[PDB]
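Chemist: So I've got this experimental structure, pasted below with the sequence.
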Amino acid sequence: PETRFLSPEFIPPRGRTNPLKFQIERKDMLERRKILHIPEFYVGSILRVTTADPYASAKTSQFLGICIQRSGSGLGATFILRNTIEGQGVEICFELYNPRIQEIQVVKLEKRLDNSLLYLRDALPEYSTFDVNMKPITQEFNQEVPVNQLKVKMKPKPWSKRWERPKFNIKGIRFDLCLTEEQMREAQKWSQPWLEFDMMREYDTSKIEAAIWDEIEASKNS
Amino acid sequence: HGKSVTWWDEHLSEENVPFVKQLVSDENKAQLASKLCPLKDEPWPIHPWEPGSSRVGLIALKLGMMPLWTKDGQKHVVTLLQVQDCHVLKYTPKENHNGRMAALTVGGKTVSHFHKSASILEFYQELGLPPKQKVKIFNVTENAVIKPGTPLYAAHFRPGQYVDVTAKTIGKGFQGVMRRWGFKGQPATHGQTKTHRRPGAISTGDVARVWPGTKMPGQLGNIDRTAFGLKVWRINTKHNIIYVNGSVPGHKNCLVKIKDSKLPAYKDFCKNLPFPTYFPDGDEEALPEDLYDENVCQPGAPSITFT
Amino acid sequence: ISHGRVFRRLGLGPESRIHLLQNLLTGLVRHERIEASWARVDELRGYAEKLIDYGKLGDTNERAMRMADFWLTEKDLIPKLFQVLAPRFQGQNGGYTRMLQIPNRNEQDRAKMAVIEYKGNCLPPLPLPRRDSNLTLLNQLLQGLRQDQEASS
Amino acid sequence: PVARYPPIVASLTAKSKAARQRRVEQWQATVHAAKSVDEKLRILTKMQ
Amino acid sequence: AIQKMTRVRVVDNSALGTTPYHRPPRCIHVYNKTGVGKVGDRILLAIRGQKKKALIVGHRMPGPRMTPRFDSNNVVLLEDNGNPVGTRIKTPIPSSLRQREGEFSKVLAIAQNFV
Amino acid sequence: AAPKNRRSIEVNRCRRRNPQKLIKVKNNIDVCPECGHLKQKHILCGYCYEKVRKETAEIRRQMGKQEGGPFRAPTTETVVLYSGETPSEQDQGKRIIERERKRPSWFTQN
RNA sequence: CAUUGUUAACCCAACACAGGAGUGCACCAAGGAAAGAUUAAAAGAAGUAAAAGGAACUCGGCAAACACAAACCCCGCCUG
RNA sequence: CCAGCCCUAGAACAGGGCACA
Ligand SMILES: [Mg+2]
Ligand SMILES: [Mg+2]
Ligand SMILES: [Mg+2]
Ligand SMILES: [Mg+2]
Ligand SMILES: [Mg+2]
Ligand SMILES: [Mg+2]
Ligand SMILES: [Mg+2]
Ligand SMILES: [Mg+2]
Ligand SMILES: [Mg+2]
Ligand SMILES: [Mg+2]
Ligand SMILES: [Mg+2]
Ligand SMILES: [Mg+2]
Ligand SMILES: [Mg+2]
Ligand SMILES: [Mg+2]
Ligand SMILES: [Mg+2]
Ligand SMILES: [Mg+2]
Ligand SMILES: [Mg+2]
Ligand SMILES: [Mg+2]
Ligand SMILES: [Mg+2]
Ligand SMILES: [Mg+2]
Ligand SMILES: [Mg+2]
Ligand SMILES: [Mg+2]
Ligand SMILES: [Mg+2]
Ligand SMILES: [Zn+2]
């Protein structure tokens, strides 16, 4: 069976903006995708993006790295790539629908245990080093985007943020080696269990996704 | 006689309320369809463009914000203004309004009849149009007058132009001085007692009073503000959307008065544009779906690269 | 500034508000018609709608099961919720509850009180404010207008 | 594939008499689970 | 964003950047009118107890889109006459610096990596 | 801060008799066509609501007396019937409450 | 087979006061309710979080803080 | 015209909506 994959940018926000703006922006982003092939990728997959830089030797500039996070709504979708170059980690926030992008190539379609793995700033450099000249990995559709269960180490405290707080809900961090039982018990004082059973702060966009899927199919058949 | 209050739903029935809604809805639809072709019924004599002439504006609805990339690689931020319904309600003569320039009254989007008073409803009945939400006045010259009751389209402006935008900003209510005027507060914890956000001294000693121009906490946000010199990039004809560069004062889904830029640098730019307004019946030709500027990177682009 | 907000502050904070709404929803599910403060009932309306939507989702859905386990404090209501209220609401989409403002409480607080009630309950009907009969003057004139409009087509 | 329902026992942190009885049953089960008769008597007679 | 009292890291191979010291090289003053410096603004440093000039290569604050954001405030030593005292730069450098070649000619001539 | 002088009765009246502080007359008052009492146009009738509340209290008291346990809730639908009534085929299979009082006028059979 | 004390939600603080209270028992099998009902303006008190910087504010790193460390002077042996 | 219900409008008072769905 084939599972439908809707890109994160097509999901409109929770605000009360008029849907006509979202329709126009979806039409424009589909017309942009008609020329620029934006492939399928999730949080943690490794990509290579080609940008048009005027001040380089060649007009094209390649950058390969792991996707940190993707966020936005419509034509303003952004995704952050992380890569360690000669010991100095570098993060670049690319825009999906930018005209200066020449080519996007997913070299390893792979998910991870966390939807927003911003903790790579505090992780060890071994998990941010990636070979720029790596070869693209082709997988079969029946693999269903295998989720990589990789427990990541951590640099000593302090960290960039408080990844131990329940507001992040992170599983990809190996806490039993870096934090103590007292710290774990203290970090639970900021837990809000009622936000999971609130039943009202959720965003249900089933019919919205259905309409967007129908519109995308119509644009493809056009 | 202590007469009570009465609304339009109190005395109606379950079988009459939908009938009334439909009877007003199809009436408004028929009126907007009859007023859809103004150039064939009785248009006023179109005067030629003059160097010291001005043009009427529009009243649109601020939808939201979007990015827009230019061919040079730069990225600007545009705001979408939807021209839902722009109708010339009444025309006040120059001598009767200002003595220098004539005045045109423009109405915004359609609203319900069941919440307007008797005088406004009588005016709109004598005009033949449904009531409008926001009613604005535009000061134009005596040669760009239009007959009242004529609809206006977002094609009134062409890709590449400077305009002005007037609207009520986001009213933040009675706010403190630090948020209103930007006064700095006192230090947080070096001993200050009940003074973390106070404005401090408000005047001097020998004056024995405060001056009328003293900045103090008060109402903030709900006021008519105008931004000048906003460039328009893209004009959508199908949905009547205008892409105005920069920030537009006013919350989303609000009415916004658009007019030609009265800046001295763009005073004589109305020469190539349609002088009275955009008449779709005069040219007998349908404009493209999206009128792009000479620098806007269109959605269908070859992914330009530098050379 | 309080722009663009949907939840109102109640109790001693967020968790206290959640617990108060939980108790009110438990009482509503148990008695099928309750009365409280107008703001509390207006807030409880949406939570009750969502609870009915979750109850209609089936018994084996462990998500809805644990949701009802969290919300319904008295566990003798979850079988009731899944086998009385959810089955009787199948064709109805969002018309599950009815809220009406009652006169102010006779106590000295004089608070604005409302009553919420699940439709199709085994209780006497509330004195709902009904529309006027079609035999009224204005309704008869509108019926004449409707007949003329139908004869014109 | 099978309806999994929670037990119908009363709550534990409530003020009701059923909750008090449940707490009584809980400490009685604690006494039952106690291993030595010394600790059993200690828990049974710690109240004065 | 690099301002006063920021502990920066000298990248280019120089004596002042290689010899350890009992105090890290902190900032002195941003030559821009705003007290906040960005990528490509001349800065003053107090390295090993003496004054020197430097150029900001990269900072840890998220900047414009498609702009690299490093994990350390890397700066390269610069002389008063506009010449870098170092020999070569190993860490990557944002390609946006090559826009203004007139003022960063000799500083970028020793750069090996451009990102 | 301390007041400097005693405010005169003229200014006192001009302050505490302004229409902003006077109780405004509410003109949304109407009569209940059912029982003839008074009610507002957006609020239920107090008399009718009191009748419904008394009847609901009696019904709930009887349905709780039927269930000798606090956590013994009905697992099926419930139906209330009065003297002079028999459960029909559509009313069979549900929990039944029986009242000695006759069925009032406002309560519909349904 | 004498006489006396066997109640109580209590005493002292002008009060049904966020205060002062000796001893034996376990931290609940015993006591109570932070909210009169709304809206969520400013300022004020408290808490939580905050990108880049990490004391550049200030007499003073006062308070606060993912730390809760090492040293040098003045005065007083130290505990009190 | 402002009973009532909402608001990106608001301390109260004011202001804009409640016909397309
Ligand atoms: Mg506001
Ligand atoms: Mg400050
Ligand atoms: Mg002090
Ligand atoms: Mg003090
Ligand atoms: Mg303070
Ligand atoms: Mg004077
Ligand atoms: Mg020195
Ligand atoms: Mg006693
Ligand atoms: Mg209290
Ligand atoms: Mg209170
Ligand atoms: Mg309260
Ligand atoms: Mg405040
Ligand atoms: Mg604070
Ligand atoms: Mg903190
Ligand atoms: Mg900080
Ligand atoms: Mg930080
Ligand atoms: Mg200073
Ligand atoms: Mg200082
Ligand atoms: Mg301290
Ligand atoms: Mg310390
Ligand atoms: Mg320390
Ligand atoms: Mg001593
Ligand atoms: Mg009004
Ligand atoms: Zn009545």
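Modeler: Here it is on my side, so go on. Residues are numbered from 1 along each chain as shown, chains lettered A, B, ... in the order given. Ligands and ions are numbered 1, 2, ... in the order given.
Chemist: burial count for residue F:57?
Modeler: 10 (other C-beta atoms under 10 Å in any protein chain shown). Where you see a C-beta, it was placed from the backbone N, CA and C, and this is true even at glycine.
Chemist: go on, the one 3 residues further on?
Modeler: When counting by other C-beta under 10 Å, one arrives at 15 neighbours for residue F:60.
Chemist: for residue C:117, same thing?
Modeler: Neighbours of residue C:117 using other C-beta under 10 Å come to 19.
Chemist: which element is residue E:27 on?
Modeler: Here residue E:27, judged by DSSP states H and E, is contained in strand E:26-30.
Chemist: what are the pairing partners of whichever helix or strand comes after that strand, and which direction each?
Modeler: Counting by DSSP H and E, the next helix or strand C-terminal to strand E:26-30 is strand E:42-47. Note on strand E:42-47: by DSSP bridges, its sheet partners are strand E:26-30 (antiparallel), strand E:50-58 (antiparallel).
Chemist: how about the last one: buried residues?
Modeler: Translated: strand E:50-58. Using 16 or more other C-beta atoms under 10 Å in any protein chain shown as the test for burial, strand E:50-58 gives E:52, E:53, E:54, E:55, E:56, E:57, E:58.
Chemist: Who are the contact partners of the fourth one?
Modeler: In this case it means residue E:55. Contacts for residue E:55 (C-beta atoms under 8 Å, 6 or more residues apart in numbering or on different chains) come out as E:40, E:41, E:42, E:43, E:75, E:76, E:78, E:84, E:104, E:107.
Chemist: next one: the fifth one
Modeler: Under the criterion of C-beta under 8 Å, 6+ apart, the contact partners of residue E:56 comprise E:2, E:8, E:37, E:38, E:39, E:40, E:41, E:43, E:73, E:75.
Chemist: Okay, strands next: where are they in chain A?
Modeler: For chain A, the strands defined by DSSP state E occupy A:46-52, A:60-71, A:78-85, A:88-95, A:101-108.
Chemist: Quick check: which of these is nearest to residue C:87?
Modeler: Between residue C:87 and the strands of chain A, the tightest spacing by C-beta to C-beta is seen for strand A:60-71, at 41.9 Å.
Chemist: Point out the other helices and strands that that closest one packs with.
Modeler: Packing partners of strand A:60-71 (3 or more C-beta pairs under 8 Å, 6 or more residues apart in numbering or on different chains; DSSP states H and E): strand A:46-52, strand A:78-85, strand A:88-95.
Chemist: Make a markdown table out of these and add mean neighbour count and distance to residue B:112.
Modeler: Formatted as a markdown table, those follow (neighbours: other C-beta atoms under 10 Å in any protein chain shown; distance: least, C-beta to C-beta, whole Å):
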| stretch | mean neighbour count | distance to residue B:112 |
| --- | --- | --- |
| strand A:46-52 | 20 | 52 |
| strand A:78-85 | 20 | 42 |
| strand A:88-95 | 21 | 42 |
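Chemist: Just tell me which of these ends up closest to chain C.
Modeler: Of all the helices and strands packed on strand A:60-71, the one in closest proximity to chain C, counting by C-beta to the nearest C-beta, is strand A:78-85 (23.0 Å).
Chemist: roughly how far is that closest one from the heart of the chain?
Modeler: Between the mean C-alpha point of strand A:78-85 and the mean C-alpha point of its chain there is a distance of 10 Å (C-alpha atoms, centre = their mean, to the nearest Å).
Chemist: cool, and stretch D:14-32?
Modeler: The answer for stretch D:14-32 is 4 Å, by C-alpha atoms, centre = their mean.
Chemist: How about stretch A:153-165?
Modeler: The answer for stretch A:153-165 is 21 Å, by C-alpha atoms, centre = their mean.
Chemist: try stretch A:56-76
Modeler: Here stretch A:56-76 is found 12 Å from its chain centre; the criterion is C-alpha atoms, centre = their mean.
Chemist: Please go through chain F and pick out the longest helix.
Modeler: Across chain F, the longest stretch assigned as helix under DSSP state H is helix F:46-66.
Chemist: Grab the CA positions of the helix or strand following that one and hand them over as CSV.
Modeler: Following helix F:46-66 in sequence order, the next helix or strand is strand F:78-82 (DSSP H and E). Presented in CSV, the C-alpha positions along strand F:78-82 are these (Å, rounded to 0.1, in the frame of the first residue of the first chain):
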residue,chain,number,x,y,z
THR,F,78,-33.6,5.7,30.7
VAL,F,79,-37.3,6.7,30.4
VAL,F,80,-39.6,8.3,33.0
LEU,F,81,-43.3,7.5,33.1
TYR,F,82,-46.2,8.7,35.3
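Chemist: Does anything pack onto the next helix or strand after strand F:78-82? Which helices or strands?
Modeler: Using DSSP H and E, the helix or strand that follows strand F:78-82 in sequence is strand F:95-99. Strand F:95-99 sits against helix F:46-66, strand F:78-82, with contacts defined as 3+ C-beta pairs under 8 Å, 6+ apart.
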